[PDB]
Each structure stands twice: as C-alpha cells, then as structure tokens.
Amino acid sequence: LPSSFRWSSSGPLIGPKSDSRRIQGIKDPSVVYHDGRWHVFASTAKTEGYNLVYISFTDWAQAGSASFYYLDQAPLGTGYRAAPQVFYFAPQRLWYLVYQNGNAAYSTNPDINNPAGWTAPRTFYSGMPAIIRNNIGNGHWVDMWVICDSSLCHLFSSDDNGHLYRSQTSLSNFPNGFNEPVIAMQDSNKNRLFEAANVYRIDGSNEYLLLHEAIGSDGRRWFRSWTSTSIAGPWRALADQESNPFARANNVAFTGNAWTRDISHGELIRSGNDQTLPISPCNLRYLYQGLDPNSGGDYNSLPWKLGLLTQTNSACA
Ligand SMILES: [Ca+2]
Ligand SMILES: [Pb+2]
C-alpha cells in the first residue's frame with residue numbers, strides 16, 4: 001500500500017429513483033461482491049428523513065438501471081435508519097447490516113440476496129455511552145463500523161465533533177458485550193476528523209487502514225488515512241493532509257468532466273466479505289458519494305450520487 005494516492009473517477013453511477021418517495025440523495029454506501037453480483041446498501045436522504053435501500057447489479061455499467069429494494073418493506077422497517085455497513089459474520093453464518101437509528105444498530109439475514117429478510121433493529125448498547133454523551137458537543141452519533149480480528153470485534157463510531165470512538169467485545173459474544181468506548185482518535189478541530197470512518201485489514205501485511213472524512217479549508221469533503229499494526233491503534237498518518245490526501249478533489253482525475261468537488265462517505269471494494277473487513281493493497285477502488293459543486297441549501301436535501309474511484313498509482317494487480 002502506497003503513502004500517496006491518485007484516482008480516476010467515474011461519472012455519477014447511482015442516484016435516486018423518480019418515484020413518490022422523492023428521495024433527494026443516495027448516500028453512505030456499503031458494498032460487497034457476492035455470487036457474481038454487486039450488493040450495495042445505501043442511505044436514502046431527503047428533508048423528511050433517512051432510511052435504507054438495497055441495490056444489486058452484475059456490472060458497473062448497469063448500476064444506474066438497477067432496481068431499488070426499499071428496506072422499510074423488510075422487518076427492518078420504517079423510521080430513521082442511516083449509513084449502513086454489510087458483512088458476513090462467518091461464525092454465525094449470518095450477514096449483518098450495521099447502521100444508526102439514534103443508537104448503534106444492526107439487522108441480520110442468512111441470505112444477502114433476500115432483502116425482505118433483514119430483521120427489525122437491535123442495538124449494540126442500551127443507550128448512548130457516557131463517554132459519547134460527554135464529548136458529543138452539538139454533534140450527532142453516526143457512522144457505525146465493525147471490524148473483527150481472530151479474537152475481538154471492534155465497533156467504531158463518530159460524533160461529528162472530532163472524536164472517533166471504539167468499543168470491543170469477543171468474537172464469540174458478538175453482537176453482545178461491547179464495552180465502554182475509548183476515544184481512538186481525536187482532533188480539537190472537528191472538521192479535521194468529522195465522520196464516516198472505514199477500518200480495514202490490509203491483506204499481505206500485519207497492518208490496518210483507517211480512513212476518515214474531513215471538511216477541508218475550502219469547505220469540501222475529503223478523506224484522510226492512517227495505518228496501524230492494531231485495530232486499537234496507535235494510528236500513524238499515511239496520506240492525511242490536504243496536499244497529500246487519501247482522496248480529495250486534488251488527487252481525483254475524471255475520464256469525463258469533473259462532476260463533484262466533494263469526495264464523501266464511501267467504502268473500498270474489499271478482498272473478502274467476512275467480519276475481518278479485508279482489502280487488497282492492489283487496484284484500490286472507492287465507492288463514494290459526490291454532488292454538483294453548485295448545490296446548496298439544507299444539508300438533508302443535497303443531491304448526493306454514488307461514483308467509483310479507480311486507483312491510478314496502483315502498486316500491483
Ligand atoms: Ca459507511
Ligand atoms: Pb453528516
């Protein structure tokens with residue numbers, strides 16, 4: 001894995017359907033390739049609220065025409081749900097879908113191909129942990145992310161106030177037993193460490209990759225990156241500056257026209273679908289949300305669409 005990045009971006013691939021839901025943004029994607037298809041979970045966003053959608057397609061050229069399965073039709077149900085993470089928890093032979101509902105929440109499903117099967121929400125904690133209540137400011141508890149190694153499971157989350165939190169539990173007790181979070185990383189400037197963590201095992205190394213969204217000096221979204229030998233840190237900067245970013249307008253080429261100046265809440269294409277959240281260090285691809293740089297108005301109404309970054313300074317195949 002290199003210490004600087006360059007990318008080529010697609011155009012917008014996935015946006016809202018034109019249906020009575022009048023969804024304004026498709027956001028916060030999670031993605032796995034399984035049995036010959038892409039499986040994308042995303043937030044639906046509008047002024048009125050958030051819920052989740054499942055999208056599947058064989059080929060990236062067909063992503064835009066893929067049908068939506070609105071997950072409020074499953075037991076997962078209506079109400080607020082946002083920012084999903086899908087993975088297969090191999091010891092239980094169950095897929096998990098992690099998201100926020102005001103708490104840190106999850107659904108399960110034995111079959112990712114059955115969107116109707118996602119369970120009604122359960123939570124990882126009984127309420128907002130004290131350390132998060134104490135430090136959240138007037139932020140929001142968001143962007144729940146699980147990664148496990150051979151003995152522990154970790155649950156990361158953000159507060160939109162410059163703190164990244166981490167709880168852990170044993171692999172055998174998951175999803176129960178998550179302890180009081182510690183502050184895994186923090187910045188006194190919330191914009192430098194804002195939301196939307198990703199944490200991955202880097203295949204072929206004894207290292208982990210942390211990505212985290214920031215709001216830059218130009219007001220635009222971008223990603224910083226760090227690595228560590230442990231999921232518990234300490235984290236060392238990889239590409240974490242505006243002049244050496246993980247992903248930002250200044251290291252993203254477009255084959256077509258530049259349709260976004262923001263590189264926001266995304267996920268890397270993984271090398272496997274299990275609870276270890278592995279990536280290959282080769283040919284990185286980042287499924288992300290962007291929007292027209294002339295967009296304004298209320299945050300929840302912004303016209304976010306999903307695109308795909310393909311690494312152009314790849315170290316390998
Ligand atoms: Ca996410
Ligand atoms: Pb946000």
# chains A, B, ... in the order shown; residues from 1 in each chain; ligands from 1

$ residues_around --residues "region 235-237 of chain A" --least-positions-apart "5" --cutoff "8 Å" --atoms "only C-alpha atoms" --output "PyMOL selection string"
chain A and resi 210+225-228

$ residues_near_ligand --ligand "ligand 1" --cutoff "9 Å" --atoms "only C-alpha atoms and all ligand atoms" --output "PyMOL selection string"
chain A and resi 27-30+42+83-85+99+143-145+196-198+265-267

$ write_last_selection --atoms "N, CA and C atoms" --output "CSV table (one decimal), in the first residue's frame"
chain,number,residue,atom,x,y,z
A,27,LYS,N,-26.7,7.9,-0.5
A,27,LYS,CA,-25.6,8.2,0.3
A,27,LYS,C,-25.0,7.0,1.1
A,28,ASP,N,-23.8,7.3,1.6
A,28,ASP,CA,-23.2,6.4,2.6
A,28,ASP,C,-23.1,4.9,2.2
A,29,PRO,N,-22.6,4.6,1.0
A,29,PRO,CA,-22.7,3.3,0.5
A,29,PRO,C,-21.8,2.2,1.2
A,30,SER,N,-22.4,1.0,1.3
A,30,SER,CA,-21.6,-0.2,1.7
A,30,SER,C,-21.7,-1.2,0.5
A,42,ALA,N,-27.4,1.6,0.8
A,42,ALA,CA,-27.1,3.0,0.9
A,42,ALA,C,-28.2,3.6,1.7
A,83,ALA,N,-26.7,5.1,7.1
A,83,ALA,CA,-25.3,4.8,7.0
A,83,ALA,C,-25.0,3.3,7.3
A,84,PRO,N,-25.3,2.5,6.3
A,84,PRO,CA,-25.1,1.0,6.5
A,84,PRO,C,-23.7,0.5,6.3
A,85,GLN,N,-23.5,-0.7,6.9
A,85,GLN,CA,-22.3,-1.5,6.7
A,85,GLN,C,-22.7,-2.9,6.7
A,99,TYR,N,-25.9,-0.1,11.2
A,99,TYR,CA,-26.3,1.3,10.8
A,99,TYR,C,-26.7,2.0,12.1
A,143,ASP,N,-22.3,6.8,12.0
A,143,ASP,CA,-21.3,6.1,11.1
A,143,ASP,C,-20.7,4.9,11.9
A,144,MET,N,-21.5,3.9,12.1
A,144,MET,CA,-21.1,2.8,12.9
A,144,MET,C,-20.4,1.8,12.0
A,145,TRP,N,-19.2,1.3,12.5
A,145,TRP,CA,-18.4,0.4,11.7
A,145,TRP,C,-17.8,-0.7,12.6
A,196,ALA,N,-17.7,9.3,9.2
A,196,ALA,CA,-17.5,8.4,8.1
A,196,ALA,C,-16.2,7.7,8.1
A,197,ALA,N,-15.9,7.0,9.2
A,197,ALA,CA,-14.8,6.1,9.3
A,197,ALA,C,-14.9,4.8,8.4
A,198,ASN,N,-13.8,4.4,7.9
A,198,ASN,CA,-13.6,3.0,7.4
A,198,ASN,C,-12.4,2.4,8.1
A,265,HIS,N,-18.4,10.2,2.2
A,265,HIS,CA,-18.8,8.9,2.8
A,265,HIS,C,-18.8,7.8,1.8
A,266,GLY,N,-17.8,7.0,1.8
A,266,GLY,CA,-17.7,5.8,0.9
A,266,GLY,C,-17.2,4.5,1.6
A,267,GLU,N,-16.8,3.6,0.7
A,267,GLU,CA,-16.2,2.3,1.1
A,267,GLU,C,-15.3,1.8,0.0

$ closest_atom_pairs --of "region 188-253 of chain A" --to "region 277-290 of chain A" --cutoff "10 Å" --atoms "only C-alpha atoms" --output "JSON lines"
{"residue": "A:198", "atom": "CA", "partner": "A:277", "partner_atom": "CA", "distance": 9.4}
{"residue": "A:199", "atom": "CA", "partner": "A:277", "partner_atom": "CA", "distance": 7.5}
{"residue": "A:200", "atom": "CA", "partner": "A:277", "partner_atom": "CA", "distance": 5.1}
{"residue": "A:201", "atom": "CA", "partner": "A:278", "partner_atom": "CA", "distance": 4.5}
{"residue": "A:202", "atom": "CA", "partner": "A:279", "partner_atom": "CA", "distance": 5.3}
{"residue": "A:203", "atom": "CA", "partner": "A:280", "partner_atom": "CA", "distance": 5.2}
{"residue": "A:204", "atom": "CA", "partner": "A:280", "partner_atom": "CA", "distance": 7.8}
{"residue": "A:205", "atom": "CA", "partner": "A:281", "partner_atom": "CA", "distance": 9.1}
{"residue": "A:208", "atom": "CA", "partner": "A:278", "partner_atom": "CA", "distance": 8.9}
{"residue": "A:209", "atom": "CA", "partner": "A:279", "partner_atom": "CA", "distance": 9.0}
{"residue": "A:221", "atom": "CA", "partner": "A:290", "partner_atom": "CA", "distance": 8.9}
{"residue": "A:247", "atom": "CA", "partner": "A:286", "partner_atom": "CA", "distance": 9.1}

$ write_last_selection --atoms "N, CA and C atoms" --output "CSV table (one decimal), in the first residue's frame"
chain,number,residue,atom,x,y,z
A,198,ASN,N,-13.8,4.4,7.9
A,198,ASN,CA,-13.6,3.0,7.4
A,198,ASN,C,-12.4,2.4,8.1
A,199,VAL,N,-12.5,1.2,8.5
A,199,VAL,CA,-11.3,0.4,9.0
A,199,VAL,C,-11.2,-0.9,8.4
A,200,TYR,N,-10.0,-1.2,7.8
A,200,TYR,CA,-9.8,-2.4,7.0
A,200,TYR,C,-8.5,-3.1,7.4
A,201,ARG,N,-8.5,-4.5,7.3
A,201,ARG,CA,-7.3,-5.3,7.4
A,201,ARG,C,-6.6,-5.2,6.0
A,202,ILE,N,-5.3,-4.9,6.0
A,202,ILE,CA,-4.6,-4.8,4.7
A,202,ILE,C,-4.0,-6.2,4.4
A,203,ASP,N,-4.6,-6.9,3.4
A,203,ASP,CA,-4.0,-8.2,3.0
A,203,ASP,C,-2.6,-8.2,2.7
A,204,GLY,N,-1.9,-9.3,3.2
A,204,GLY,CA,-0.4,-9.4,3.0
A,204,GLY,C,0.5,-8.7,3.9
A,205,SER,N,-0.1,-8.0,4.9
A,205,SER,CA,0.6,-7.2,5.9
A,205,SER,C,0.0,-7.5,7.3
A,208,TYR,N,-3.4,-2.5,9.5
A,208,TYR,CA,-4.8,-2.0,9.3
A,208,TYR,C,-4.8,-0.6,8.7
A,209,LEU,N,-5.8,-0.3,8.0
A,209,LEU,CA,-6.0,1.0,7.3
A,209,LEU,C,-7.2,1.7,7.9
A,221,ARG,N,-15.6,18.1,1.2
A,221,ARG,CA,-15.3,16.9,1.8
A,221,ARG,C,-14.1,16.2,1.2
A,247,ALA,N,-8.2,10.8,-0.5
A,247,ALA,CA,-9.0,11.1,-1.7
A,247,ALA,C,-9.6,12.5,-1.5

$ residues_near_ligand --ligand "ligand 2" --cutoff "9 Å" --atoms "only C-alpha atoms and all ligand atoms" --output "ChimeraX atom specification"
/A:140,142-143,160,194-196,265,299-300

$ atom_distance --atom1 "CA of residue 251 (chain A)" --atom2 "CA of residue 1 (chain A)"
16.3 Å

$ atom_distance --atom1 "CA of residue 40 (chain A)" --atom2 "CA of residue 219 (chain A)"
27.9 Å

$ select_by_dssp --residues "region 39-230 of chain A" --states "strand (DSSP E)" --output "VMD selection string"
chain A and resid 39 to 46 49 to 57 68 to 70 82 to 89 94 to 100 104 to 109 122 to 123 142 to 148 152 to 158 163 to 170 182 to 186 195 to 202 207 to 215 221 to 228
